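K.L.:
Structure file input20.pdb (PDB, N, CA and C atoms) is given on the next line.
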ATOM      1  N   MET A   1       0.839  -1.226   0.000  1.00  0.00           N
ATOM      2  CA  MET A   1       0.000   0.000   0.000  1.00  0.00           C
ATOM      3  C   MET A   1       0.861   1.258   0.000  1.00  0.00           C
ATOM      4  N   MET A   2       0.207   2.414  -0.057  1.00  0.00           N
ATOM      5  CA  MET A   2       0.912   3.692  -0.064  1.00  0.00           C
ATOM      6  C   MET A   2       0.725   4.442   1.255  1.00  0.00           C
ATOM      7  N   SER A   3      -0.127   3.913   2.130  1.00  0.00           N
ATOM      8  CA  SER A   3      -0.389   4.548   3.419  1.00  0.00           C
ATOM      9  C   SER A   3       0.480   3.950   4.525  1.00  0.00           C
ATOM     10  N   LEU A   4       1.552   3.260   4.139  1.00  0.00           N
ATOM     11  CA  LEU A   4       2.453   2.649   5.116  1.00  0.00           C
ATOM     12  C   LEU A   4       3.059   3.703   6.024  1.00  0.00           C
ATOM     13  N   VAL A   5       3.440   4.823   5.427  1.00  0.00           N
ATOM     14  CA  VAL A   5       4.077   5.894   6.171  1.00  0.00           C
ATOM     15  C   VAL A   5       3.268   7.177   6.155  1.00  0.00           C
ATOM     16  N   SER A   6       2.705   7.506   7.303  1.00  0.00           N
ATOM     17  CA  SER A   6       1.926   8.722   7.446  1.00  0.00           C
ATOM     18  C   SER A   6       2.800   9.857   7.974  1.00  0.00           C
ATOM     19  N   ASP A   7       2.227  11.052   8.027  1.00  0.00           N
ATOM     20  CA  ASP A   7       2.931  12.227   8.538  1.00  0.00           C
ATOM     21  C   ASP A   7       3.609  11.926   9.879  1.00  0.00           C
ATOM     22  N   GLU A   8       3.122  10.892  10.563  1.00  0.00           N
ATOM     23  CA  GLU A   8       3.645  10.492  11.869  1.00  0.00           C
ATOM     24  C   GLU A   8       5.160  10.318  11.861  1.00  0.00           C
ATOM     25  N   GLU A   9       5.650   9.441  11.004  1.00  0.00           N
ATOM     26  CA  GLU A   9       7.080   9.194  10.931  1.00  0.00           C
ATOM     27  C   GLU A   9       7.820  10.426  10.427  1.00  0.00           C
ATOM     28  N   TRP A  10       7.138  11.245   9.630  1.00  0.00           N
ATOM     29  CA  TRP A  10       7.756  12.441   9.073  1.00  0.00           C
ATOM     30  C   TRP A  10       7.722  13.649  10.008  1.00  0.00           C
ATOM     31  N   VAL A  11       6.792  13.689  10.962  1.00  0.00           N
ATOM     32  CA  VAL A  11       6.716  14.827  11.859  1.00  0.00           C
ATOM     33  C   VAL A  11       7.977  14.885  12.666  1.00  0.00           C
ATOM     34  N   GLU A  12       8.404  13.726  13.128  1.00  0.00           N
ATOM     35  CA  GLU A  12       9.613  13.667  13.895  1.00  0.00           C
ATOM     36  C   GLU A  12      10.779  14.099  13.016  1.00  0.00           C
ATOM     37  N   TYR A  13      10.627  13.819  11.727  1.00  0.00           N
ATOM     38  CA  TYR A  13      11.626  14.157  10.716  1.00  0.00           C
ATOM     39  C   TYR A  13      11.610  15.645  10.356  1.00  0.00           C
ATOM     40  N   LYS A  14      10.412  16.224  10.286  1.00  0.00           N
ATOM     41  CA  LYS A  14      10.247  17.631   9.915  1.00  0.00           C
ATOM     42  C   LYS A  14      11.159  18.549  10.728  1.00  0.00           C
ATOM     43  N   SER A  15      11.377  18.209  11.991  1.00  0.00           N
ATOM     44  CA  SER A  15      12.234  18.989  12.855  1.00  0.00           C
ATOM     45  C   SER A  15      13.668  18.765  12.461  1.00  0.00           C
ATOM     46  N   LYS A  16      13.963  17.510  12.166  1.00  0.00           N
ATOM     47  CA  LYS A  16      15.298  17.120  11.798  1.00  0.00           C
ATOM     48  C   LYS A  16      15.601  17.421  10.333  1.00  0.00           C
ATOM     49  N   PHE A  17      14.582  17.824   9.583  1.00  0.00           N
ATOM     50  CA  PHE A  17      14.761  18.121   8.162  1.00  0.00           C
ATOM     51  C   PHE A  17      14.628  19.615   7.861  1.00  0.00           C
ATOM     52  N   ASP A  18      14.123  20.381   8.824  1.00  0.00           N
ATOM     53  CA  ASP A  18      13.947  21.823   8.642  1.00  0.00           C
ATOM     54  C   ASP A  18      12.802  22.128   7.674  1.00  0.00           C
ATOM     55  N   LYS A  19      12.062  21.091   7.287  1.00  0.00           N
ATOM     56  CA  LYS A  19      10.928  21.243   6.382  1.00  0.00           C
ATOM     57  C   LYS A  19       9.705  20.587   7.001  1.00  0.00           C
ATOM     58  N   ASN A  20       8.948  21.362   7.768  1.00  0.00           N
ATOM     59  CA  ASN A  20       7.779  20.835   8.453  1.00  0.00           C
ATOM     60  C   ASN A  20       6.480  21.059   7.689  1.00  0.00           C
ATOM     61  N   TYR A  21       5.875  19.957   7.261  1.00  0.00           N
ATOM     62  CA  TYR A  21       4.598  19.995   6.564  1.00  0.00           C
ATOM     63  C   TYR A  21       3.691  18.899   7.131  1.00  0.00           C
ATOM     64  N   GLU A  22       2.624  19.372   7.791  1.00  0.00           N
ATOM     65  CA  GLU A  22       1.631  18.543   8.487  1.00  0.00           C
ATOM     66  C   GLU A  22       0.701  17.750   7.572  1.00  0.00           C
ATOM     67  N   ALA A  23      -0.183  16.989   8.228  1.00  0.00           N
ATOM     68  CA  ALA A  23      -1.159  16.122   7.570  1.00  0.00           C
ATOM     69  C   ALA A  23      -1.831  16.765   6.357  1.00  0.00           C
ATOM     70  N   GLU A  24      -2.223  18.033   6.463  1.00  0.00           N
ATOM     71  CA  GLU A  24      -2.895  18.694   5.342  1.00  0.00           C
ATOM     72  C   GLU A  24      -2.079  18.542   4.060  1.00  0.00           C
ATOM     73  N   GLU A  25      -0.830  18.986   4.106  1.00  0.00           N
ATOM     74  CA  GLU A  25       0.071  18.854   2.966  1.00  0.00           C
ATOM     75  C   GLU A  25       0.550  17.410   2.854  1.00  0.00           C
ATOM     76  N   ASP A  26       0.750  16.803   4.021  1.00  0.00           N
ATOM     77  CA  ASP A  26       1.234  15.433   4.138  1.00  0.00           C
ATOM     78  C   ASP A  26       0.353  14.421   3.422  1.00  0.00           C
ATOM     79  N   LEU A  27      -0.946  14.675   3.369  1.00  0.00           N
ATOM     80  CA  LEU A  27      -1.874  13.734   2.752  1.00  0.00           C
ATOM     81  C   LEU A  27      -1.381  13.275   1.381  1.00  0.00           C
ATOM     82  N   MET A  28      -1.101  14.227   0.508  1.00  0.00           N
ATOM     83  CA  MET A  28      -0.569  13.895  -0.805  1.00  0.00           C
ATOM     84  C   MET A  28       0.820  13.300  -0.622  1.00  0.00           C
ATOM     85  N   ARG A  29       1.466  13.723   0.460  1.00  0.00           N
ATOM     86  CA  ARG A  29       2.788  13.249   0.798  1.00  0.00           C
ATOM     87  C   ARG A  29       2.729  11.832   1.361  1.00  0.00           C
ATOM     88  N   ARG A  30       1.586  11.463   1.935  1.00  0.00           N
ATOM     89  CA  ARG A  30       1.422  10.130   2.498  1.00  0.00           C
ATOM     90  C   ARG A  30       1.830   9.111   1.451  1.00  0.00           C
ATOM     91  N   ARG A  31       1.491   9.425   0.206  1.00  0.00           N
ATOM     92  CA  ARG A  31       1.828   8.570  -0.922  1.00  0.00           C
ATOM     93  C   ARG A  31       3.328   8.616  -1.231  1.00  0.00           C
ATOM     94  N   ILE A  32       3.965   9.774  -1.015  1.00  0.00           N
ATOM     95  CA  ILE A  32       5.392   9.881  -1.276  1.00  0.00           C
ATOM     96  C   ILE A  32       6.142   9.303  -0.117  1.00  0.00           C
ATOM     97  N   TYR A  33       5.587   9.468   1.043  1.00  0.00           N
ATOM     98  CA  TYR A  33       6.207   8.929   2.213  1.00  0.00           C
ATOM     99  C   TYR A  33       6.328   7.406   2.123  1.00  0.00           C
ATOM    100  N   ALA A  34       5.360   6.770   1.467  1.00  0.00           N
ATOM    101  CA  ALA A  34       5.363   5.315   1.335  1.00  0.00           C
ATOM    102  C   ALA A  34       6.648   4.809   0.714  1.00  0.00           C
ATOM    103  N   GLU A  35       7.017   5.402  -0.397  1.00  0.00           N
ATOM    104  CA  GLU A  35       8.247   5.032  -1.087  1.00  0.00           C
ATOM    105  C   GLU A  35       9.466   5.239  -0.194  1.00  0.00           C
ATOM    106  N   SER A  36       9.379   6.215   0.712  1.00  0.00           N
ATOM    107  CA  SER A  36      10.502   6.551   1.588  1.00  0.00           C
ATOM    108  C   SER A  36      11.089   5.315   2.250  1.00  0.00           C
ATOM    109  N   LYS A  37      10.266   4.533   2.932  1.00  0.00           N
ATOM    110  CA  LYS A  37      10.774   3.321   3.565  1.00  0.00           C
ATOM    111  C   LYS A  37      11.366   2.410   2.501  1.00  0.00           C
ATOM    112  N   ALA A  38      10.704   2.356   1.343  1.00  0.00           N
ATOM    113  CA  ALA A  38      11.193   1.548   0.231  1.00  0.00           C
ATOM    114  C   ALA A  38      12.646   1.884  -0.033  1.00  0.00           C
ATOM    115  N   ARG A  39      12.955   3.147   0.182  1.00  0.00           N
ATOM    116  CA  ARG A  39      14.291   3.671   0.013  1.00  0.00           C
ATOM    117  C   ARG A  39      15.202   3.184   1.122  1.00  0.00           C
ATOM    118  N   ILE A  40      14.649   2.999   2.303  1.00  0.00           N
ATOM    119  CA  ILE A  40      15.449   2.526   3.418  1.00  0.00           C
ATOM    120  C   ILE A  40      16.006   1.159   3.077  1.00  0.00           C
ATOM    121  N   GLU A  41      15.219   0.437   2.311  1.00  0.00           N
ATOM    122  CA  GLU A  41      15.607  -0.864   1.788  1.00  0.00           C
ATOM    123  C   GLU A  41      16.671  -0.659   0.701  1.00  0.00           C
ATOM    124  N   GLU A  42      16.623   0.535   0.109  1.00  0.00           N
ATOM    125  CA  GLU A  42      17.477   0.940  -1.014  1.00  0.00           C
ATOM    126  C   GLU A  42      18.980   0.765  -0.788  1.00  0.00           C
ATOM    127  N   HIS A  43      19.527   1.524   0.141  1.00  0.00           N
ATOM    128  CA  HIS A  43      20.955   1.488   0.414  1.00  0.00           C
ATOM    129  C   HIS A  43      21.340   0.346   1.328  1.00  0.00           C
ATOM    130  N   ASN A  44      20.438   0.001   2.221  1.00  0.00           N
ATOM    131  CA  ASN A  44      20.696  -1.048   3.176  1.00  0.00           C
ATOM    132  C   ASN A  44      20.905  -2.384   2.490  1.00  0.00           C
ATOM    133  N   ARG A  45      20.277  -2.551   1.331  1.00  0.00           N
ATOM    134  CA  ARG A  45      20.408  -3.778   0.550  1.00  0.00           C
ATOM    135  C   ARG A  45      21.603  -3.693  -0.408  1.00  0.00           C
ATOM    136  N   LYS A  46      22.052  -2.465  -0.649  1.00  0.00           N
ATOM    137  CA  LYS A  46      23.148  -2.176  -1.580  1.00  0.00           C
ATOM    138  C   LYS A  46      24.530  -2.662  -1.106  1.00  0.00           C
ATOM    139  N   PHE A  47      24.984  -2.193   0.056  1.00  0.00           N
ATOM    140  CA  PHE A  47      26.250  -2.665   0.610  1.00  0.00           C
ATOM    141  C   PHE A  47      26.010  -4.086   0.944  1.00  0.00           C
ATOM    142  N   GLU A  48      24.772  -4.287   1.330  1.00  0.00           N
ATOM    143  CA  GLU A  48      24.249  -5.572   1.617  1.00  0.00           C
ATOM    144  C   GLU A  48      24.558  -6.499   0.433  1.00  0.00           C
ATOM    145  N   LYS A  49      24.942  -5.866  -0.688  1.00  0.00           N
ATOM    146  CA  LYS A  49      25.292  -6.561  -1.913  1.00  0.00           C
ATOM    147  C   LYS A  49      26.802  -6.643  -2.081  1.00  0.00           C
ATOM    148  N   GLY A  50      27.549  -6.437  -0.988  1.00  0.00           N
ATOM    149  CA  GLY A  50      29.004  -6.455  -1.092  1.00  0.00           C
ATOM    150  C   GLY A  50      29.423  -5.540  -2.214  1.00  0.00           C
ATOM    151  N   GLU A  51      28.611  -4.507  -2.373  1.00  0.00           N
ATOM    152  CA  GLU A  51      28.754  -3.526  -3.421  1.00  0.00           C
ATOM    153  C   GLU A  51      29.605  -2.327  -2.989  1.00  0.00           C
ATOM    154  N   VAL A  52      29.136  -1.633  -1.964  1.00  0.00           N
ATOM    155  CA  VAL A  52      29.792  -0.465  -1.411  1.00  0.00           C
ATOM    156  C   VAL A  52      29.279  -0.331  -0.034  1.00  0.00           C
ATOM    157  N   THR A  53      29.776   0.608   0.717  1.00  0.00           N
ATOM    158  CA  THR A  53      29.167   0.804   1.983  1.00  0.00           C
ATOM    159  C   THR A  53      28.408   2.122   1.954  1.00  0.00           C
ATOM    160  N   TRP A  54      27.122   1.982   1.655  1.00  0.00           N
ATOM    161  CA  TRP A  54      26.180   3.103   1.591  1.00  0.00           C
ATOM    162  C   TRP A  54      24.834   2.719   2.206  1.00  0.00           C
ATOM    163  N   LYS A  55      24.360   3.529   3.144  1.00  0.00           N
ATOM    164  CA  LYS A  55      23.079   3.281   3.807  1.00  0.00           C
ATOM    165  C   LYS A  55      22.041   4.300   3.429  1.00  0.00           C
ATOM    166  N   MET A  56      20.816   3.880   3.602  1.00  0.00           N
ATOM    167  CA  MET A  56      19.663   4.711   3.305  1.00  0.00           C
ATOM    168  C   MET A  56      19.686   5.950   4.201  1.00  0.00           C
ATOM    169  N   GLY A  57      18.741   6.869   4.003  1.00  0.00           N
ATOM    170  CA  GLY A  57      18.700   8.051   4.827  1.00  0.00           C
ATOM    171  C   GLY A  57      17.367   8.761   4.759  1.00  0.00           C
ATOM    172  N   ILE A  58      16.381   8.153   4.085  1.00  0.00           N
ATOM    173  CA  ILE A  58      15.074   8.765   3.971  1.00  0.00           C
ATOM    174  C   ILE A  58      15.228  10.083   3.275  1.00  0.00           C
ATOM    175  N   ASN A  59      15.042  10.091   1.980  1.00  0.00           N
ATOM    176  CA  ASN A  59      15.235  11.314   1.261  1.00  0.00           C
ATOM    177  C   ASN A  59      14.200  12.367   1.655  1.00  0.00           C
ATOM    178  N   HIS A  60      14.590  13.635   1.551  1.00  0.00           N
ATOM    179  CA  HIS A  60      13.711  14.751   1.903  1.00  0.00           C
ATOM    180  C   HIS A  60      12.370  14.647   1.182  1.00  0.00           C
ATOM    181  N   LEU A  61      12.414  14.543  -0.136  1.00  0.00           N
ATOM    182  CA  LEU A  61      11.177  14.448  -0.874  1.00  0.00           C
ATOM    183  C   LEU A  61      10.485  13.143  -0.617  1.00  0.00           C
ATOM    184  N   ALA A  62      11.106  12.217   0.122  1.00  0.00           N
ATOM    185  CA  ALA A  62      10.451  10.946   0.353  1.00  0.00           C
ATOM    186  C   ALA A  62       9.135  11.138   1.056  1.00  0.00           C
ATOM    187  N   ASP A  63       8.794  12.385   1.326  1.00  0.00           N
ATOM    188  CA  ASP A  63       7.545  12.707   1.929  1.00  0.00           C
ATOM    189  C   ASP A  63       6.832  13.592   0.972  1.00  0.00           C
ATOM    190  N   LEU A  64       7.604  14.323   0.184  1.00  0.00           N
ATOM    191  CA  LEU A  64       7.018  15.156  -0.824  1.00  0.00           C
ATOM    192  C   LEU A  64       7.760  15.023  -2.137  1.00  0.00           C
ATOM    193  N   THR A  65       7.256  14.154  -2.947  1.00  0.00           N
ATOM    194  CA  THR A  65       7.812  13.907  -4.275  1.00  0.00           C
ATOM    195  C   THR A  65       6.876  14.518  -5.299  1.00  0.00           C
ATOM    196  N   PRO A  66       7.158  14.396  -6.614  1.00  0.00           N
ATOM    197  CA  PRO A  66       6.261  14.876  -7.675  1.00  0.00           C
ATOM    198  C   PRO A  66       4.804  14.712  -7.265  1.00  0.00           C
ATOM    199  N   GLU A  67       4.546  13.688  -6.442  1.00  0.00           N
ATOM    200  CA  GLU A  67       3.204  13.452  -5.929  1.00  0.00           C
ATOM    201  C   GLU A  67       2.758  14.714  -5.244  1.00  0.00           C
ATOM    202  N   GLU A  68       3.604  15.081  -4.307  1.00  0.00           N
ATOM    203  CA  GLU A  68       3.455  16.283  -3.525  1.00  0.00           C
ATOM    204  C   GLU A  68       3.875  17.502  -4.329  1.00  0.00           C
ATOM    205  N   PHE A  69       5.066  17.371  -4.901  1.00  0.00           N
ATOM    206  CA  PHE A  69       5.705  18.412  -5.685  1.00  0.00           C
ATOM    207  C   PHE A  69       4.787  18.944  -6.787  1.00  0.00           C
ATOM    208  N   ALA A  70       4.108  18.038  -7.479  1.00  0.00           N
ATOM    209  CA  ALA A  70       3.207  18.419  -8.562  1.00  0.00           C
ATOM    210  C   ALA A  70       1.833  18.850  -8.047  1.00  0.00           C
ATOM    211  N   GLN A  71       1.393  18.251  -6.946  1.00  0.00           N
ATOM    212  CA  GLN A  71       0.083  18.569  -6.379  1.00  0.00           C
ATOM    213  C   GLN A  71       0.160  19.665  -5.315  1.00  0.00           C
ATOM    214  N   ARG A  72       1.372  20.078  -4.956  1.00  0.00           N
ATOM    215  CA  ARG A  72       1.550  21.126  -3.962  1.00  0.00           C
ATOM    216  C   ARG A  72       1.541  22.484  -4.645  1.00  0.00           C
ATOM    217  N   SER A  73       2.065  22.513  -5.867  1.00  0.00           N
ATOM    218  CA  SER A  73       2.111  23.735  -6.651  1.00  0.00           C
ATOM    219  C   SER A  73       2.872  23.521  -7.956  1.00  0.00           C
ATOM    220  N   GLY A  74       2.586  22.406  -8.623  1.00  0.00           N
ATOM    221  CA  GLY A  74       3.248  22.104  -9.878  1.00  0.00           C
ATOM    222  C   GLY A  74       2.359  22.358 -11.079  1.00  0.00           C
ATOM    223  N   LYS A  75       1.154  21.798 -11.052  1.00  0.00           N
ATOM    224  CA  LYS A  75       0.207  21.967 -12.147  1.00  0.00           C
ATOM    225  C   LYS A  75      -0.865  22.992 -11.784  1.00  0.00           C
ATOM    226  N   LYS A  76      -1.243  23.816 -12.756  1.00  0.00           N
ATOM    227  CA  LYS A  76      -2.258  24.842 -12.537  1.00  0.00           C
ATOM    228  C   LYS A  76      -3.622  24.210 -12.275  1.00  0.00           C
ATOM    229  N   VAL A  77      -4.066  24.276 -11.024  1.00  0.00           N
ATOM    230  CA  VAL A  77      -5.354  23.713 -10.640  1.00  0.00           C
ATOM    231  C   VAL A  77      -6.379  24.816 -10.379  1.00  0.00           C
ATOM    232  N   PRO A  78      -7.401  24.939 -11.248  1.00  0.00           N
ATOM    233  CA  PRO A  78      -8.443  25.962 -11.096  1.00  0.00           C
ATOM    234  C   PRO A  78      -9.325  25.715  -9.875  1.00  0.00           C
ATOM    235  N   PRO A  79     -10.166  26.698  -9.510  1.00  0.00           N
ATOM    236  CA  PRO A  79     -11.062  26.581  -8.355  1.00  0.00           C
ATOM    237  C   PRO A  79     -12.177  25.567  -8.589  1.00  0.00           C
ATOM    238  N   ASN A  80     -12.554  25.388  -9.849  1.00  0.00           N
ATOM    239  CA  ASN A  80     -13.609  24.446 -10.206  1.00  0.00           C
ATOM    240  C   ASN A  80     -13.198  23.016  -9.869  1.00  0.00           C
TER     241      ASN A  80
END
Now, as a test, write the supplied structure out as structure tokens.
P.N.:
Amino acid sequence: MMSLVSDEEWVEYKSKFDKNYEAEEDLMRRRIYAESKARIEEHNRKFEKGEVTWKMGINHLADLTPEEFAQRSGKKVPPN
């Protein structure tokens, strides 16, 4: 699903990220936040591949991606 990660995990992050955006904005972000954990699997599985030593870090947009980025103020959305 895409609701795996709610603003909850990100609120604690918002302080540590200097970018605080609550449930209202987070809602569209809830979908971007989902991929975020997917990313945690990203680097952790990489060195995990005797590849390099690189760990995940929860990307900033992992809460606000094009999902958020485009729906936050990317495409012109009329009042109708």
K.L.:
Report as a list in words the full result of the PyMOL selection byres ((chain A and resi 56) around 6.5) when it is applied to this structure.
P.N.:
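When the PyMOL selection byres ((chain A and resi 56) around 6.5) is applied to the shown file, the picked residues are residues 39, 40, 41, 42, 43, 44, 54, 55, 57 and 58 of chain A.
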K.L.:
Counting only C-alpha atoms, what is within 9 Å of segment 9-16 of chain A, bar same-chain residues fewer than 4 positions away, as a count of residues only?
P.N.:
7
K.L.:
For a test of reading the model, state the distance in Å between atom C of residue 64 of chain A and atom N of residue 48 of chain A, rounded to one decimal.
P.N.:
26.0 Å
K.L.:
Where in chain A does DSSP assign helix (DSSP H, G or I), given as a PyMOL selection string?
P.N.:
chain A and resi 7-17+23-44+47-49+60-62+66-73
K.L.:
Save out the residues we just selected, N, CA and C atoms, as a compact mmCIF listing (two decimals), in the frame of the given file.
P.N.:
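Result saved to part-v5.txt:
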# COMPACT_ATOMS: atom_id res chain seq x y z
N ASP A 7 2.23 11.05 8.03
CA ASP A 7 2.93 12.23 8.54
C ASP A 7 3.61 11.93 9.88
N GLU A 8 3.12 10.89 10.56
CA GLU A 8 3.64 10.49 11.87
C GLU A 8 5.16 10.32 11.86
N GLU A 9 5.65 9.44 11.00
CA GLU A 9 7.08 9.19 10.93
C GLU A 9 7.82 10.43 10.43
N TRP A 10 7.14 11.24 9.63
CA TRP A 10 7.76 12.44 9.07
C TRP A 10 7.72 13.65 10.01
N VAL A 11 6.79 13.69 10.96
CA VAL A 11 6.72 14.83 11.86
C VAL A 11 7.98 14.88 12.67
N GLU A 12 8.40 13.73 13.13
CA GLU A 12 9.61 13.67 13.90
C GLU A 12 10.78 14.10 13.02
N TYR A 13 10.63 13.82 11.73
CA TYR A 13 11.63 14.16 10.72
C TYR A 13 11.61 15.64 10.36
N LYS A 14 10.41 16.22 10.29
CA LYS A 14 10.25 17.63 9.91
C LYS A 14 11.16 18.55 10.73
N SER A 15 11.38 18.21 11.99
CA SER A 15 12.23 18.99 12.86
C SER A 15 13.67 18.76 12.46
N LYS A 16 13.96 17.51 12.17
CA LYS A 16 15.30 17.12 11.80
C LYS A 16 15.60 17.42 10.33
N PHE A 17 14.58 17.82 9.58
CA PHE A 17 14.76 18.12 8.16
C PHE A 17 14.63 19.61 7.86
N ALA A 23 -0.18 16.99 8.23
CA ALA A 23 -1.16 16.12 7.57
C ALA A 23 -1.83 16.76 6.36
N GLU A 24 -2.22 18.03 6.46
CA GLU A 24 -2.90 18.69 5.34
C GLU A 24 -2.08 18.54 4.06
N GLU A 25 -0.83 18.99 4.11
CA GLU A 25 0.07 18.85 2.97
C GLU A 25 0.55 17.41 2.85
N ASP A 26 0.75 16.80 4.02
CA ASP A 26 1.23 15.43 4.14
C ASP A 26 0.35 14.42 3.42
N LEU A 27 -0.95 14.68 3.37
CA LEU A 27 -1.87 13.73 2.75
C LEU A 27 -1.38 13.28 1.38
N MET A 28 -1.10 14.23 0.51
CA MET A 28 -0.57 13.90 -0.80
C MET A 28 0.82 13.30 -0.62
N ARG A 29 1.47 13.72 0.46
CA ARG A 29 2.79 13.25 0.80
C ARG A 29 2.73 11.83 1.36
N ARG A 30 1.59 11.46 1.94
CA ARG A 30 1.42 10.13 2.50
C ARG A 30 1.83 9.11 1.45
N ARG A 31 1.49 9.43 0.21
CA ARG A 31 1.83 8.57 -0.92
C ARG A 31 3.33 8.62 -1.23
N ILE A 32 3.96 9.77 -1.01
CA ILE A 32 5.39 9.88 -1.28
C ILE A 32 6.14 9.30 -0.12
N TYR A 33 5.59 9.47 1.04
CA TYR A 33 6.21 8.93 2.21
C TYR A 33 6.33 7.41 2.12
N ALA A 34 5.36 6.77 1.47
CA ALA A 34 5.36 5.32 1.34
C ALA A 34 6.65 4.81 0.71
N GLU A 35 7.02 5.40 -0.40
CA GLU A 35 8.25 5.03 -1.09
C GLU A 35 9.47 5.24 -0.19
N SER A 36 9.38 6.22 0.71
CA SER A 36 10.50 6.55 1.59
C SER A 36 11.09 5.32 2.25
N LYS A 37 10.27 4.53 2.93
CA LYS A 37 10.77 3.32 3.56
C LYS A 37 11.37 2.41 2.50
N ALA A 38 10.70 2.36 1.34
CA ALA A 38 11.19 1.55 0.23
C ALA A 38 12.65 1.88 -0.03
N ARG A 39 12.96 3.15 0.18
CA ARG A 39 14.29 3.67 0.01
C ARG A 39 15.20 3.18 1.12
N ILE A 40 14.65 3.00 2.30
CA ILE A 40 15.45 2.53 3.42
C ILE A 40 16.01 1.16 3.08
N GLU A 41 15.22 0.44 2.31
CA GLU A 41 15.61 -0.86 1.79
C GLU A 41 16.67 -0.66 0.70
N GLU A 42 16.62 0.54 0.11
CA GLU A 42 17.48 0.94 -1.01
C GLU A 42 18.98 0.76 -0.79
N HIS A 43 19.53 1.52 0.14
CA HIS A 43 20.96 1.49 0.41
C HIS A 43 21.34 0.35 1.33
N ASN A 44 20.44 0.00 2.22
CA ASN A 44 20.70 -1.05 3.18
C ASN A 44 20.90 -2.38 2.49
N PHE A 47 24.98 -2.19 0.06
CA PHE A 47 26.25 -2.66 0.61
C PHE A 47 26.01 -4.09 0.94
N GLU A 48 24.77 -4.29 1.33
CA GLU A 48 24.25 -5.57 1.62
C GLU A 48 24.56 -6.50 0.43
N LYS A 49 24.94 -5.87 -0.69
CA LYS A 49 25.29 -6.56 -1.91
C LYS A 49 26.80 -6.64 -2.08
N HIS A 60 14.59 13.64 1.55
CA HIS A 60 13.71 14.75 1.90
C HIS A 60 12.37 14.65 1.18
N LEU A 61 12.41 14.54 -0.14
CA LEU A 61 11.18 14.45 -0.87
C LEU A 61 10.48 13.14 -0.62
N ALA A 62 11.11 12.22 0.12
CA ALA A 62 10.45 10.95 0.35
C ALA A 62 9.14 11.14 1.06
N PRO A 66 7.16 14.40 -6.61
CA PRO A 66 6.26 14.88 -7.68
C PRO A 66 4.80 14.71 -7.26
N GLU A 67 4.55 13.69 -6.44
CA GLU A 67 3.20 13.45 -5.93
C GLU A 67 2.76 14.71 -5.24
N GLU A 68 3.60 15.08 -4.31
CA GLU A 68 3.46 16.28 -3.52
C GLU A 68 3.88 17.50 -4.33
N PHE A 69 5.07 17.37 -4.90
CA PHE A 69 5.70 18.41 -5.68
C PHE A 69 4.79 18.94 -6.79
N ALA A 70 4.11 18.04 -7.48
CA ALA A 70 3.21 18.42 -8.56
C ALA A 70 1.83 18.85 -8.05
N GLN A 71 1.39 18.25 -6.95
CA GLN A 71 0.08 18.57 -6.38
C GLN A 71 0.16 19.66 -5.32
N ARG A 72 1.37 20.08 -4.96
CA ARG A 72 1.55 21.13 -3.96
C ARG A 72 1.54 22.48 -4.64
N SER A 73 2.06 22.51 -5.87
CA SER A 73 2.11 23.74 -6.65
C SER A 73 2.87 23.52 -7.96
K.L.:
Env of residue 1 of chain A: 12 Å cut, atoms = only C-alpha atoms, seq-sep filter 4 positions within chain, self excluded. Answer as a VMD selection string.
P.N.:
chain A and resid 5 to 6 30 to 35 37 to 38
K.L.:
With 6 Å of padding per side, what axis-aligned box (centre and edge lengths, Å, one decimal) covers all the listed atoms of segment 36-52 of chain A? Give it as JSON.
P.N.:
{"center_x": 19.6, "center_y": 0.0, "center_z": 0.1, "size_x": 32.4, "size_y": 25.2, "size_z": 19.0}
K.L.:
Please complete segment 21-28 of chain A with N, CA, C and O atoms and give it back as a compact mmCIF listing (two decimals), keeping the file's coordinate frame.
P.N.:
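Dumped to rebuild.txt:
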# COMPACT_ATOMS: atom_id res chain seq x y z
N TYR A 21 5.88 19.96 7.26
CA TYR A 21 4.60 20.00 6.56
C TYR A 21 3.69 18.90 7.13
O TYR A 21 3.99 17.69 7.01
N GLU A 22 2.62 19.37 7.79
CA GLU A 22 1.63 18.54 8.49
C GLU A 22 0.70 17.75 7.57
O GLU A 22 0.79 17.81 6.35
N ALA A 23 -0.18 16.99 8.23
CA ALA A 23 -1.16 16.12 7.57
C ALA A 23 -1.83 16.76 6.36
O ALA A 23 -2.01 16.10 5.33
N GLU A 24 -2.22 18.03 6.46
CA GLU A 24 -2.90 18.69 5.34
C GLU A 24 -2.08 18.54 4.06
O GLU A 24 -2.56 17.99 3.07
N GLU A 25 -0.83 18.99 4.11
CA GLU A 25 0.07 18.85 2.97
C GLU A 25 0.55 17.41 2.85
O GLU A 25 0.75 16.88 1.76
N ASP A 26 0.75 16.80 4.02
CA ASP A 26 1.23 15.43 4.14
C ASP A 26 0.35 14.42 3.42
O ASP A 26 0.84 13.40 2.96
N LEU A 27 -0.95 14.68 3.37
CA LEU A 27 -1.87 13.73 2.75
C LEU A 27 -1.38 13.28 1.38
O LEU A 27 -1.20 12.07 1.14
N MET A 28 -1.10 14.23 0.51
CA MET A 28 -0.57 13.90 -0.80
C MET A 28 0.82 13.30 -0.62
O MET A 28 1.29 12.48 -1.41
